[PDB]
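First up is the structure itself, then whatever we jot down about it.
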Amino acid sequence: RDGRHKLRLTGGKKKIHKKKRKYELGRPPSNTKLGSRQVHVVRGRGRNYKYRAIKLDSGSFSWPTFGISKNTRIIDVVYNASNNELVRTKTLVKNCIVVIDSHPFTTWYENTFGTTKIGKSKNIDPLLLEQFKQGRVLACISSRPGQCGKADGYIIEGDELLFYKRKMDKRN
Amino acid sequence: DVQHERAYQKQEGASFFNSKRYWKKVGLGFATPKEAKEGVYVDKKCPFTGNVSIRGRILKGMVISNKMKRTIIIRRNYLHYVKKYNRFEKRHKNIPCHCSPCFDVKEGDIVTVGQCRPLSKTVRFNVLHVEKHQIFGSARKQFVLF
Amino acid sequence: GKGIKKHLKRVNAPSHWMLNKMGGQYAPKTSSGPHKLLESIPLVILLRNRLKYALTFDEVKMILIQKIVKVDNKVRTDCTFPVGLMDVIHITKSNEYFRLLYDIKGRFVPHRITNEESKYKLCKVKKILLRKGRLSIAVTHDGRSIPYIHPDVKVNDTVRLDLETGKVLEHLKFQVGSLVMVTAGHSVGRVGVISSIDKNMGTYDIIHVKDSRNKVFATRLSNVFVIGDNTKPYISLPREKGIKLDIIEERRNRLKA
RNA sequence: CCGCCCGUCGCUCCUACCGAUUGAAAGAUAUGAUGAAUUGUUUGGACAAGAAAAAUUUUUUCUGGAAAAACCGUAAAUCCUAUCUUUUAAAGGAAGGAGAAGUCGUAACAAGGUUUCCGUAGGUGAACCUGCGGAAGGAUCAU
RNA sequence: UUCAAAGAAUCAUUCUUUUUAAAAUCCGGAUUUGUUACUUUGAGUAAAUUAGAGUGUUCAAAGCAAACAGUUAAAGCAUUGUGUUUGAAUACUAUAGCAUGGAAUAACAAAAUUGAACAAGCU
RNA sequence: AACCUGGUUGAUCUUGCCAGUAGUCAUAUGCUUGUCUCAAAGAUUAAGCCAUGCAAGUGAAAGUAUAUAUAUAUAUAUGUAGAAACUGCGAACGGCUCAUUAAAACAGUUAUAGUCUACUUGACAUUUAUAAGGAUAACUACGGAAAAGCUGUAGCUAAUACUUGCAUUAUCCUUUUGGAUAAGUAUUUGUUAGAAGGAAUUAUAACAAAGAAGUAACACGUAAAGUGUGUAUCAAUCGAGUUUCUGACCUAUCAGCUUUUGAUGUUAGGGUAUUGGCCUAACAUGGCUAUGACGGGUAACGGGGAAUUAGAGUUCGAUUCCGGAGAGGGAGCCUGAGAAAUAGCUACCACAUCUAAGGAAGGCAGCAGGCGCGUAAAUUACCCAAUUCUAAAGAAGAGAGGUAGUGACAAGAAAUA
Ligand SMILES: [Mg+2]
Ligand SMILES: [Mg+2]
Ligand SMILES: [Mg+2]
Ligand SMILES: [Mg+2]
Ligand SMILES: [Mg+2]
Ligand SMILES: [Mg+2]
Ligand SMILES: [Mg+2]
Ligand SMILES: [Mg+2]
Ligand SMILES: [Mg+2]
Ligand SMILES: [Mg+2]
Ligand SMILES: [Mg+2]
Ligand SMILES: [Mg+2]
Ligand SMILES: [Mg+2]
Ligand SMILES: [Mg+2]
Ligand SMILES: [Mg+2]
Ligand SMILES: [Mg+2]
Ligand SMILES: [Mg+2]
Ligand SMILES: [Mg+2]
Ligand SMILES: [Mg+2]
Ligand SMILES: [Mg+2]
Ligand SMILES: [Mg+2]
Ligand SMILES: [Mg+2]
Ligand SMILES: [Mg+2]
Ligand SMILES: [Mg+2]
Ligand SMILES: [Mg+2]
């Protein structure tokens, strides 16, 4: 299923002469969603287990500027450069932009210096700040939850963030 | 316009926030062009800018097409000896190569391509160095022994 | 079903085993181990076809059962254990010590050797890994990992390695004039000095090796085993001393006897 | 030269062709329909181990979990077409080859008794004849 | 499009040494200079077969063995004890790929409604 | 041994075929055959069908024995065997055939900086304990079914089955002693820092987060304190998957193909052990082709090779080795390091066996053997002795393999004076 059964670039039918060799395995997609955590183990090749997350929430999210990370419930999926169907179904994949319950980062900031190891000097964006004010912040996912079994991700920043906002843009 | 896709075209291996844009050397004496080091453009499968290491064969060709996006065709023209007739005969083979927009390549231009991993259904190569060259018929028809 | 192959057919056996076409259908199939089957040799062959201590596989097995044959000083009861290029065999009852070497043909001889020299073995490093706690480990052709190796050891060079204890004695860099043995194509037994190394960019690094008849021959760097500094070898070489004669010369030599 | 021989027309044998017959047959793909089994997920919840109360029984919560079901996804098989390939029948038709001293002529070989032959068109029992333009492989290397 | 020239050996010929321009490199001396085809050396390849070396399988087809000394020891070599010499070569493993010496023969690239080389000056 | 003779004629010289002529690890068949050596042999037709038997098991210190037997030493102590079964490992090798398959496979040549890898080897570890928890087999008793390698119930009991779960090292001060700070292997994410390799987003180091699995609740009694079994990561190895380049027969009375059905590419993903239209979505309109694409044919598995050649070549290569594929036909899974396994399973189709008619099992292209087909091909033999494999690894198994039997396939030597 990872295999041939496909035209030959010249557009000639490869007359098949070989079954399907198990090492051409194409086991089917875990459309991993939001919800309470729930993950199965699929047994890949040499007992190499991999963790089909099927529901998720509490991924590890990073804040790249400051280079730190925190575990947060993720409250909604809002964009998917693959397809809008996935976002409709609220399915987490390796480049989904999603919304983090983003109090943790704020709390961390407060603990460290001010209110909304240390190479601080950068001191936050405007857009990001605004986002924080509502509690909830946009962030890519970066793990492939379907393989790794974790919704690990990172906060979307400056230029990329702007681009994603534009993409989202509402309007009509 | 750099960001043309539905996704943000980033550049893995860049490192934006901390540290003192990303390109690499690719080796075998193929000089990274100015357009890779300068000149923003994101390419996952650029030899220099992206994350594909060229390794295995290197073979010169001659471009037939630019029609695909960031992807080129090169016919290798060569001579298959036939022992019965102790003579040769022109033969050929169209290698598809990935380009990367550091190289502006019109047809008939000589290129050299390194191997690299399977980038798509057929493109296993990428162009490392583009000699200029000029052509008058169709590149299709130019034999250049090489 | 289809997985790995357990058997070896006696014609498909690598020539320098020197098996028969008759005298069997199969060959021994070296166990996985510290050597590459095409350049190893199982213990069975050693016991039965080289020393001729055994007539049969059965006898070899019996011998092994008495824990009396050691290969690199720790015992082995696996009949088809691969012995390979440099390894000292200590048959305990005879108090014989062999070291495997190459002939001037491709063939393994067991060399015969003193107690004193037996205690070490040469080992060429192949890879030099960094591992946890920035500690470097060399990996020898003996499929053996030497940890905490002396920093000046580089990827191709040999290492005089003790057997009683896992630690190393001294190392011999891959220099321009370093006494070398070969271990692959054509020039296999050959022993030379090295004239020159090519150091090709993407390819195999070919090297040229002057003999003591001053006959230069080339070889891949892959399959060359450093054995000395220009003066003296750090091991006892066989009687021929790696001087692969011409065919005519060999014939003449044969005649004069 | 009482030589050679040409074609129709009969007669016998064999070969392949055309052939109505939606001819037939098997196989191959391609479409579509239904669709066994089943990976995965979802629903399930026979029960087997806990937690709650009464003196072994009652009600409620947490675990693992069989059957059964639903949805994608692999997808056998069967049926229906379509197309193609392959053998294969057929009244009749029309060739060919073989044979037999058969019928009718005399076409060709000699200036073969209209030189021959070409291409083309029409003709005619049959060889063939005729027209037009070619050729000499002419019966003229020549005024 | 660098043709040639001169010296020594041998039985008119063969094999060898030396220099005749220009540019870069090295402490007046000394040493790098288009691409590919082609060719030469290699490298790297399973053996069986094939060619082929050795070996009286009684011959031979074979096989990959064997030979040697002795009515039972000498001789060797080992510090009474231990047989000894060995052999199972080599070449073939494309037409492609790898490195490689190359002077010929081929290509191609370099090259004027203008092309690049230096010395000075300015940025 | 670089070879030619007869045939057109009344004769001649050519062209030209026919005929002869030799060989074939090339089949058949006819007649004939006293030795010996060697030895192909149901490929060609039907990858047609199969009665019976056999072809993968495994215990010699070393998981589990109140089935049980037994010998010592003083009713206990050790012991020594041990049917059975649980556990473990193997059964993915081997063997067979050649139907498929014509840039596919295969050969050489790369590549894996794109991966997986049991056994074997070597390195070698991290956030009640004088010893933990049940619950299961064989077994006992009661059963059922015509039958099946069918299993029901109740009661036990082990395990190396299954499940828990107990200091020291590196960074700073003092004179080897006494304090301070840390302390997760893969794996994953984000942030950086960077002894090789031609080339690194490599090794590695740090920071912020998660995080499997593990580090002996095991068994012998060994060696000159050892071993077996198990175990995280790394490397080696036995490999495997993909992959680069180049290389194939006949056909143009196959010339245009491929693209809604992924054709060509880009992006993002999903999936994979990893790369990849491998799959999904979105977007391009590509890609191949007279140097033969795409079809068709092959009485095609590929190659190493075989025959025959002076030299070229031509034909063959089912068939000793390597590779591929397949186990009646497709398809689908489980186990496992490795299978899309077929003497594993599920299903359908096509064959087909037993049945008390309810059901049940079955797959010789393993070895023999039989029918069929055919021009066309051997014994239902003996053995594990050799060669090897597997195992709890001398000690057991092995139709793998070998030895004979049949054998004018071939090949060699050689009577009949
Ligand atoms: Mg199979
Ligand atoms: Mg007249
Ligand atoms: Mg007439
Ligand atoms: Mg006339
Ligand atoms: Mg008229
Ligand atoms: Mg008329
Ligand atoms: Mg003839
Ligand atoms: Mg006799
Ligand atoms: Mg058959
Ligand atoms: Mg057979
Ligand atoms: Mg044992
Ligand atoms: Mg038992
Ligand atoms: Mg097999
Ligand atoms: Mg366990
Ligand atoms: Mg699509
Ligand atoms: Mg076939
Ligand atoms: Mg074959
Ligand atoms: Mg056949
Ligand atoms: Mg069958
Ligand atoms: Mg199957
Ligand atoms: Mg069977
Ligand atoms: Mg079946
Ligand atoms: Mg049979
Ligand atoms: Mg026969
Ligand atoms: Mg045996």
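All residue names refer to the structure tokens as shown: chains lettered A, B, ... in order, residues numbered from 1 in each chain, ligands numbered from 1 in order.
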
Requested in this report: Taking the chain letters and numbering used in this document, name the residues of stretch 49-126 of chain A that DSSP puts in helix (DSSP H, G or I), as a ChimeraX atom specification.
Outcome: /A:84-89,103-112,126

Requested in this report: Kindly compile the residues surrounding ligand 5 within 8 Å, counting only C-alpha atoms (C1' of nucleotides) and all ligand atoms, and format them as a PyMOL selection string.
Outcome: chain D and resi 123-124+130

Report task. Could the residues that lie within 7 Å of ligand 3, counting only C-alpha atoms (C1' of nucleotides) and all ligand atoms, be listed as an NGL selection string? Result -> :D and (106-108 or 112)

Query raised in the report: Residues of chain C within 10 Å of chain B, using only C-alpha atoms, as a ChimeraX atom specification?
Result: /C:200-203

Using the selection just defined, write its residues with N, CA, C and O atoms as a PDB file, in the first residue's frame.
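Generated file (result.pdb):
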ATOM      1  N   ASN C 200      39.940  10.885  -2.590  1.00  0.00           N
ATOM      2  CA  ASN C 200      38.894  11.333  -3.513  1.00  0.00           C
ATOM      3  C   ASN C 200      37.715  11.895  -2.753  1.00  0.00           C
ATOM      4  O   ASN C 200      37.457  11.510  -1.611  1.00  0.00           O
ATOM      5  N   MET C 201      36.994  12.791  -3.414  1.00  0.00           N
ATOM      6  CA  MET C 201      36.027  13.645  -2.743  1.00  0.00           C
ATOM      7  C   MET C 201      34.822  12.825  -2.296  1.00  0.00           C
ATOM      8  O   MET C 201      34.685  12.558  -1.108  1.00  0.00           O
ATOM      9  N   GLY C 202      33.994  12.379  -3.238  1.00  0.00           N
ATOM     10  CA  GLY C 202      32.783  11.630  -2.908  1.00  0.00           C
ATOM     11  C   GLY C 202      32.987  10.126  -2.794  1.00  0.00           C
ATOM     12  O   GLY C 202      32.127   9.424  -2.259  1.00  0.00           O
ATOM     13  N   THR C 203      34.140   9.641  -3.256  1.00  0.00           N
ATOM     14  CA  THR C 203      34.327   8.235  -3.614  1.00  0.00           C
ATOM     15  C   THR C 203      35.154   7.477  -2.558  1.00  0.00           C
ATOM     16  O   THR C 203      35.317   7.951  -1.432  1.00  0.00           O
TER      17      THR C 203
END

Report task. Step by step, measure atom-to-atom distances between ligand 20 and each residue using only C-alpha atoms (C1' of nucleotides) and all ligand atoms, keep those at most 12 Å, then write them as number ranges by chain. Result -> A: 19-21; C: 1; F: 326-327, 329-333, 339-342, 344-346, 363

Query raised in the report: Counting only C-alpha atoms, which residues of chain A come no farther than 10 Å from chain B, as a PyMOL selection string?
Result: chain A and resi 8-9+64-67+79-83+95-97+119+122+157+159-161+163-164+167
